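Below is one structure, written out as C-alpha cells, with a few remarks after it.
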Amino acid sequence: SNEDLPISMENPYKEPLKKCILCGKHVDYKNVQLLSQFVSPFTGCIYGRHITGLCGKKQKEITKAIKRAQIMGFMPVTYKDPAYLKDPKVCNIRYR
Amino acid sequence: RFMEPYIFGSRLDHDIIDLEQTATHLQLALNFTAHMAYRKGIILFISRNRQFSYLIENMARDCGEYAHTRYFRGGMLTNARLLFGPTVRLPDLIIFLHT
Amino acid sequence: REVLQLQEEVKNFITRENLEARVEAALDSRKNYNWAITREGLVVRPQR
Amino acid sequence: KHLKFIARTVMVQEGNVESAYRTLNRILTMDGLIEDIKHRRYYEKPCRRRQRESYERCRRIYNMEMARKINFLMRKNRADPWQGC
Amino acid sequence: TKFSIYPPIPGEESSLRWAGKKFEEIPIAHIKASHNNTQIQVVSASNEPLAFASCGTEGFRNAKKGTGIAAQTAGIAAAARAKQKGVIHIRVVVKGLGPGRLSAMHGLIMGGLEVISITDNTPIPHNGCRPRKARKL
Amino acid sequence: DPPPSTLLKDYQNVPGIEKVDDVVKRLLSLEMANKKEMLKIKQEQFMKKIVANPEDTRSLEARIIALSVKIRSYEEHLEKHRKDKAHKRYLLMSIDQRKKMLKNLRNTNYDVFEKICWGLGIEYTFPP
Amino acid sequence: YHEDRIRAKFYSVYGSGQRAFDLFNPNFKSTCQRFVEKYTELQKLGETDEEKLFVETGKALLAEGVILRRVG
Amino acid sequence: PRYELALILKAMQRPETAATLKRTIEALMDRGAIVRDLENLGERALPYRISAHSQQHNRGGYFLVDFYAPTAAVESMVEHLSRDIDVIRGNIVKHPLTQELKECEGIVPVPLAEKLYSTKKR
RNA sequence: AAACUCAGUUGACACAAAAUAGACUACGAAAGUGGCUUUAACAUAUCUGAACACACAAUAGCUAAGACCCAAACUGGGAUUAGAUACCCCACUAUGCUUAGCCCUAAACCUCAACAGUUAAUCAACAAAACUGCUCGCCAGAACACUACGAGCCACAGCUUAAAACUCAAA
Ligand code: FES
Ligand SMILES: [K+]
Ligand SMILES: [Mg+2]
Ligand SMILES: [Mg+2]
Ligand SMILES: [Mg+2]
Ligand SMILES: [Mg+2]
Ligand SMILES: [Mg+2]
Ligand SMILES: [Mg+2]
Ligand SMILES: [Mg+2]
Ligand SMILES: [Mg+2]
Ligand SMILES: [Mg+2]
Ligand SMILES: [Mg+2]
Numbered sequence: 046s047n048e049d050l051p052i053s054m055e056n057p058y059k060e061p062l063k064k065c066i067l068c069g070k071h072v073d074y075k076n077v078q079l080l081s082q083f084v085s086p087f088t089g090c091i092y093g094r095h096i097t098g099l100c101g102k103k104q105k106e107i108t109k110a111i112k113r114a115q116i117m118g119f120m121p122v123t124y125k126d127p128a129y130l131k132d133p134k135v136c137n138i139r140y141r
Numbered sequence: 100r101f102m103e104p105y106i107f108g109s110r111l112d113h114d115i116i117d118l119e120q121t122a123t124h125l126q127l128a129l130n131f132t133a134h135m136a137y138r139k140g141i142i143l144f145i146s147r148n149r150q151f152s153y154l155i156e157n158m159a160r161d162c163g164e165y166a167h168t169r170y171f172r173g174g175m176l177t178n179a180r181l182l183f184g185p186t187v188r189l190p191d192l193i194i195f196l197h198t
Numbered sequence: 155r156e157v158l159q160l161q162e163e164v165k166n167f168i169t170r171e172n173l174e175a176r177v178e179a180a181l182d183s184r185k186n187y188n189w190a191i192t193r194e195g196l197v198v199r200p201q202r
Numbered sequence: 003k004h005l006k007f008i009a010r011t012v013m014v015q016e017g018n019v020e021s022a023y024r025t026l027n028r029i030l031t032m033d034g035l036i037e038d039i040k041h042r043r044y045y046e047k048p049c050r051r052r053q054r055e056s057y058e059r060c061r062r063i064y065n066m067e068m069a070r071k072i073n074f075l076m077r078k079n080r081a082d083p084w085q086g087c
Numbered sequence: 058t059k060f061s062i063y064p065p066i067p068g069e070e071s072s073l074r075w076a077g078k079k080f081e082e083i084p085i086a087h088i089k090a091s092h093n094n095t096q097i098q099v100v101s102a103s104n105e106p107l108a109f110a111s112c113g114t115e116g117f118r119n120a121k122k123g124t125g126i127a128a129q130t131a132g133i134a135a136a137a138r139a140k141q142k143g144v145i146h147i148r149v150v151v152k153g154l155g156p157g158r159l160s161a162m163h164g165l166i167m168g169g170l171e172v173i174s175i176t177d178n179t180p181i182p183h184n185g186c187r188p189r190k191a192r193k194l
Numbered sequence: 066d067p068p069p070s071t072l073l074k075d076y077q078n079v080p081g082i083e084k085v086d087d088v089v090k091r092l093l094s095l096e097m098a099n100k101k102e103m104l105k106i107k108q109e110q111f112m113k114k115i116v117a118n119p120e121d122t123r124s125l126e127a128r129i130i131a132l133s134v135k136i137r138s139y140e141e142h143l144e145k146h147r148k149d150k151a152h153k154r155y156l157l158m159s160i161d162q163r164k165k166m167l168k169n170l171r172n173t174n175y176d177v178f179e180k181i182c183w184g185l186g187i188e189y190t191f192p193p
Numbered sequence: 065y066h067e068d069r070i071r072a073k074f075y076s077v078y079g080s081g082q083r084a085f086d087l088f089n090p091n092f093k094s095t096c097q098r099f100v101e102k103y104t105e106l107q108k109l110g111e112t113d114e115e116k117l118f119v120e121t122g123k124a125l126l127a128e129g130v131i132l133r134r135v136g
Numbered sequence: 002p003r004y005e006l007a008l009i010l011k012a013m014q015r016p017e018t019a020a021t022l023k024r025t026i027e028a029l030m031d032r033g034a035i036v037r038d039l040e041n042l043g044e045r046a047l048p049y050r051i052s053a054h055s056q057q058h059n060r061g062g063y064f065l066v067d068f069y070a071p072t073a074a075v076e077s078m079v080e081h082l083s084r085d086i087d088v089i090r091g092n093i094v095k096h097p098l099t100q101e102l103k104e105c106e107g108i109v110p111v112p113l114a115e116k117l118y119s120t121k122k123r
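What follows is the structure, encoded as C-alpha cells:
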C-alpha cells in the first residue's frame with residue numbers, strides 16, 4: 046500500500062517507571078542503618094508508604110526487616126538509633 | 100464513542116481526525132448548505148463558543164443569513180409559535196460551528 | 155556451574171580441623187552490614 | 003528497658019519552653035501517638051474500629067479527589083477574556 | 058554550629074553544659090498528669106528524690122485537683138522545694154494527657170527552675186491490657 | 066522414605082556428581098534439604114516404578130502418583146498436627162480427587178489402573 | 065512510525081536542543097528531524113547497526129554544524 | 002537448608018568469647034550442621050537492656066554463623082541456645098541470600114477504581 | 001460519695017494482649033487470619049454436584065483441669081431515687097486465655113449460587129451496568145410459624161427439618 050500508514054509497535058517515547066529508592070537492592074534486618082532511615086527519630090514509628098515513597102513490596106520488606114531487627118536485638122524499638130540520625134533524610138516528613 | 104469511525108488514530112494520547120472522511124463529509128455538508136441557500140432557505144448558525152461568537156455573527160451578517168451564538172433560551176425552536184408568533188418561519192437549516 | 159562453585163566454596167568452610175583458627179580470625183575481623191540510601195537511590199557506605 | 007531521654011525528647015532552644023512543648027506536641031500528633039493514647043482510653047470494638055477505618059479511608063480519598071478537582075478547575079477562574087460575548 | 062532539638066547522646070563528647078554539668082547529670086522532673094490529678098516528683102540524676110508535690114498535697118480536693126491552676130500550684134511548690142535543695146536546671150519528663158500537663162510545667166517554671174529538655178513518656182501499650190468499655194450516657 | 070544421602074532430583078543427572086567431595090555430597094543430599102525435595106524424589110521413584118513413560122507429567126498416571134505423594138505428606142503432617150483442620154480438609158479433598166482420578170483411569174485403561182493400585186498400594190473401593 | 069524509535073533515542077541522548085519548534089511553519093524541520101533524515105539516509109547507504117548508525121549520524125551532524133549537546 | 006544464626010553473646014574477654022563461639026559451633030556440628038562462615042559484627046551496646054539467665058546486659062557481641070543444617074536439627078539448636086549461659090540471645094533464620102531478589106519494574110501508577118457506580122445521573 | 005493507705009521515681013517481672021507499618025487489600029473453602037523465628041503446609045487445570053454423606057464453622061454456651069494482667073455479664077457496695085432498677089463510680093465472679101472434648105447458632109451479608117461467555121442492540125424502581133448458556137439448591141398471598149407434632153443430634157429452657165385448623169383482602 047503506502048509506507049506512510051502508521052505501523053503497529055509499542056511506545057518508544059515511554060519513560061521508565063519511577064523506581065523506588067530501594068528497588069533492586071537487598072533489604073536485610075542486619076542493616077540497622079537502612080531500617081532506621083525509615084523510622085521516626087522521636088517515636089520509632091514505622092513510616093507509611095505515603096511518607097517513605099516506597100512501593101508495596103519494598104514497604105513490606107522494610108516493615109518485616111524492622112520487626113525482625115527489633116525483636117532480635119539489632120534495632121531500638123521506641124526510638125531511632127542516635128548514631129543514625131545523621132543519615133540522609135529520605136522520608137517526606139517535616140516536624141518543624 | 101460515536102466519533103470512533105471518523106478518528107484516523109491516536110498520536111501520543113491525542114486523537115487525530117481522519118481528513119479523508121472529513122473531506123467527503125465536508126463536501127456533502129457544503130453541497131447541502133449551498134442547495135438550501137439556493138432554495139432561499141433560512142440558515143441559522145449556532146455556536147456557544149464565546150471566543151468565536153463575534154466572528155460567527157459577522158459571517159452570518161455578511162452572508163445574508165442568521166446567527167444565534169448567545170444563550171439559547173428554552174424553547175426557541177419547539178415553542179417558536181409562542182415566543183415569536185404563530186406565523187413565524189423556522190430555519191430551514193441549522194449549522195453548528197460548535198455542537 | 156552451581157555445583158562447581160559449591161566445590162570451590164566448601165574449601166573455605168569451617169571444620170573441626172580449622173575451628174580455632176577460623177574462630178580467632180573472626181574475632182579479630184569485623185563485618186559491617188550497615189549502609190544508607192540517598193534520595194537519588196545511591197548507596198552510601200560507612201567509614202571504618 | 004530502653005535508654006531514657008532519647009525517645010520523645012525535645013531540647014529547649016534559648017529557654018522558649020512553650021515553643022519546645024508545642025514542637026513536641028506537634029511531633030506526637032504527626033506520629034499519631036496522641037490518637038493512640040486517646041483512643042486506648044476506652045476499648046473500641048473491632049466492628050466499630052473497622053467501620054471507622056473504612057470511613058476514614060473513604061473520607062481521605064474523597065477529600066483528595068475534591069481537592070484535585072478544585073485545583074484542576076482553578077485555572078479556569080481567570081478573568082473573562084470574551085466579555086460581551 | 059546550630060541548635061539541635063535532639064538531646065545530646067550519653068557517653069558522647071558533647072560540649073553543651075548547664076551550670077557546669079552534663080545532660081546526664083541534670084536532675085529529672087517527672088510529671089504524671091492523670092485525668093483528675095497532677096503529681097510532680099523531682100529526682101536527682103541518680104534517682105534520688107528531692108521534691109514531691111501534687112494537687113492533693115497542695116490542699117485542692119476532688120474536681121479542684123483536676124484543674125490547671127492546681128497543677129500550676131503544685132509545680133510552684135515542687136519548684137520551691139527543689140530550689141531549697143539546690144536544683145536550678147531540670148529535664149522535664151511528662152506522662153499522661155491530663156489538663157495540667159502543660160500548666161504544671163508553667164508552675165515548675167515560675168518557681169525559678171529552668172527546663173532544659175521536655176520529654177514525653179506517656180504509657181502507650183502497643184497492645185496490652187484491654188481497656189475498660191466505653192461509657193454510655 | 067528415600068535415604069537421606071540421596072541426591073536431589075535437580076542434581077542426579079549432573080555429570081561428575083559422584084566424584085565430588087563428601088561435604089559437597091551431603092550439601093546436595095536430601096538430608097540438607099526440606100521435605101519438598103523428599104516428596105519429589107518419592108514421586109520420581111514411583112513414576113519410574115509404575116508408569117510406562119516417566120517423561121509424561123500430564124498423563125493421568127503422573128497426576129495420580131503426585132496426588133498420592135501429596136496424600137502421604139498430608140497424612141504424615143496430620144500424624145503430628147491432629148488439630149490442623151485445614152490440612153485435614155486438604156487430605157480429604159485430595160483423597161476424593163484421587164478416587165475420582167482412579168475411577169477415570171479404571172474406566173479408560175484397566176491394566177495401567179491395576180499397576181497403579183499395586184504400586185501405590187491403593188485399594189479401590191466403590192462408593193456406597 | 066519507524067522514525068519514532070530514532071526520535072526517542074535522539075531525545076534521550078540530547079533532549080530538545082536550542083532550536084525551538086516553529087510549529088506554524090508547515091515545512092519546519094527540527095534538529096531531531098534532521099537527525100532522523102541523516103539516520104535514514106545512512107541506513108539506506110548500507111549500515112545496519114543501531115549504535116553505529118546513531119554515532120555516525122551524530123558525527124555527521126556535528127560536521128554539518130549541528131550543536132548536538134549530549135546530556136549523558 | 003541454609004540458616005543464618007544471629008548470636009548476641011555476653012560481653013567478655015577474648016578467651017571467654019572464643020570459648021563460647023567454639024562451644025556454639027561445636028554444638029551446631031554435633032547436631033549435624035556444616036558451618037559455612039563465622040562473621041563478627043562486633044561488640045556494641047544493645048538497643049535495650051536484655052536480661053538473660055538472671056543477669057541484665059547492656060552491651061554484647063554480635064556474631065553471625067552461616068551454616069547448612071537439616072531442618073529437624075534447627076529446633077534442637079535453639080534449645081541449646083536457650084541453655085548457654087554466655088548467650089544473651091540467639092536467633093536462627095532462613096538465610097537471606099537464599100531468597101531471590103525478584104525484579105521490581107517500579108511503582109506502577111494504578112489509579113482509583115473506575116466504574117464503581119452506574120451511569121444514570123445522580 | 002464509696003474504698004486504698006497508698007502514691008511517685010528506679011529495678012526485677014506473664015500461660016494476657018499483639019502500637020506504628022496498614023493511606024496496604026494480601027492469605028484461606030467459609031468462619032476467619034495484622035508481634036518474631038523455625039518446621040510442616042496452602043486439593044484438582046478440564047465444569048456442575050448434598051434433607052443424601054464426609055469435614056469445617058465467629059461470638060456466646062456447656063464439661064473437666066489449669067493460668068490471673070486487664071476486661072467483664074451476675075452480684076455486692078457507692079451515689080441517685082419516695083423506694084427500686086438502668087446509666088455513672090468502686091470491688092469482684094462466670095467468661096474472654098491454655099489443654100481435651102462438646103454445642104453447630106449469626107445482619108455466618110459483596111444481603112447479588114457455581115462454571116463459561118458477551119458488551120451487541122441498556123434498563124420497572126433502588127442497589128453493585130445489562131445479559132446469554134448450563135447446572136445444583138430454593139420459592140408459590142399474608143399471618144399462624146426461627147411454632148406444634150414426628151424424626152435426628154454428646155444436644156435436655158437446645159439445634160436442624162417443618163405443618164395444620166381458625167382468620168384476613170391484603171401483606
Ligand atoms: S519501585 Fe521497584 S520494588 Fe518498588
Ligand atoms: K504489635
Ligand atoms: Mg465440585
Ligand atoms: Mg453444601
Ligand atoms: Mg463454633
Ligand atoms: Mg469458650
Ligand atoms: Mg478489673
Ligand atoms: Mg462476616
Ligand atoms: Mg453451588
Ligand atoms: Mg434461631
Ligand atoms: Mg424449634
Ligand atoms: Mg419435638
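Protein chains in written order, with the entry's author numbering: chain P, 46 to 141; chain B, 100 to 198; chain U, 155 to 202; chain Q, 3 to 87; chain I, 58 to 194; chain L, 66 to 193; chain S, 65 to 136; chain E, 2 to 123.
Each residue gets a CB set at the ideal place from its N, CA and C atoms; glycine is no exception.
Residues that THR169(U) contacts on chain P, provided the C-beta gap is smaller than 7 Å:
None at all; the shortest Cβ gap to chain P is about 25 Å.
Cα-Cα separation between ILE106(L) and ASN99(L), rounded to whole angstroms
12 Å
Is the CB-CB distance between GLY89(P) and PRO48(E) below 8 Å?
no
Between the CA atoms of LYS75(P) and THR21(E) - distance to the nearest angstrom:
22 Å
Hey, quick one: how far does the beta strand (DSSP E) through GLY184(L) stretch, first residue to last?
Note, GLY184(L): premise wrong, no beta strand (DSSP E); alpha helix (DSSP H) at 175-185.
Using the beta-carbon count (16 or more within 10 Å), is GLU164(B) buried or exposed?
buried
For the alpha helix (DSSP H) containing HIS124(B), list its first residue and its last residue.
118-137
Within 10 Å of its beta-carbon, does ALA179(U) have 16 or more other beta-carbons around it, so buried, or fewer, so exposed?
exposed
Taking only beta-carbon positions, decide if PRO57(P) is within less than 8 Å of chain S.
yes
Please compile the residues from chain U whose C-beta is within a distance smaller than 8 Å of the C-beta of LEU99(P).
Per Cβ cutoff of 8 Å: no residues; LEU99(P) is ~10 Å from chain U at best.
Could you tell me the distance, in whole angstroms, from the CA atom of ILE138(P) to the CA atom of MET13(Q)?
19 Å
Residue interval of the alpha helix (DSSP H) (run including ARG134(S))
Run containing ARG134(S): none; DSSP gives neither H nor E here.
Could you tell me the boundaries of the beta strand (DSSP E) in which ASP82(Q) lies?
Run containing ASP82(Q): none; DSSP gives neither H nor E here.
Beta carbon proximity, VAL135(P) to chain U, threshold 8 Å
yes
Among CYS87(Q), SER21(Q), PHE7(Q), which one has its Cα closest to the Cα of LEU154(B)?
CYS87(Q)
Between which residues of its own chain and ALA108(I) is the CB-CB distance below 6 Å, once the five residues before and five after are set aside?
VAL99, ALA135, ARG138, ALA139
Take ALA34(E) as the anchor and find which of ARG170(U), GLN159(U), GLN161(U) has the nearest alpha-carbon.
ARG170(U)
With distances taken Cα to Cα, identify the nearest neighbour of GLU67(S) among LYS102(S), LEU132(S), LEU126(S).
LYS102(S)
Closer than 7 Å to a non-hydrogen atom of ligand 2 - does that hold for the CB of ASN184(I)?
yes
In chain order, what residues of the stretch 61-73 of chain I put their CB closer than 7 Å to some CB of chain P?
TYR63, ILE66
Could you check what DSSP says for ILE39(Q) in three-state terms: helix, strand or coil?
helix
Can you list, in chain order, the residues of the stretch 34-50 of chain Q whose Cβ is nearer than 8 Å to any Cβ on chain I?
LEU35, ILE36, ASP38, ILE39, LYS40, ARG42, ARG43, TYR44, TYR45, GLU46
Distance cutoff 8 Å, beta carbons only. Does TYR63(E) sit that close to anything in chain L?
no
Between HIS71(P) and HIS96(E), what straight-line distance do the alpha-carbon atoms span, to the nearest angstrom?
13 Å
Cβ-Cβ separation, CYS112(I) to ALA128(I) (assumed contact under 8 Å), whole Å:
6 Å
My understanding is that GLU105(S) touches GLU111(S), with C-beta atoms under 8 Å, so please give their C-beta distance in whole angstroms.
So it is not a contact: roughly 10 Å between Cβ atoms.
Assuming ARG50(E) is part of the beta strand (DSSP E), what are its boundary residues?
35-52
From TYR170(B) to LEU192(B), what distance separates their C-alpha atoms?
19 Å
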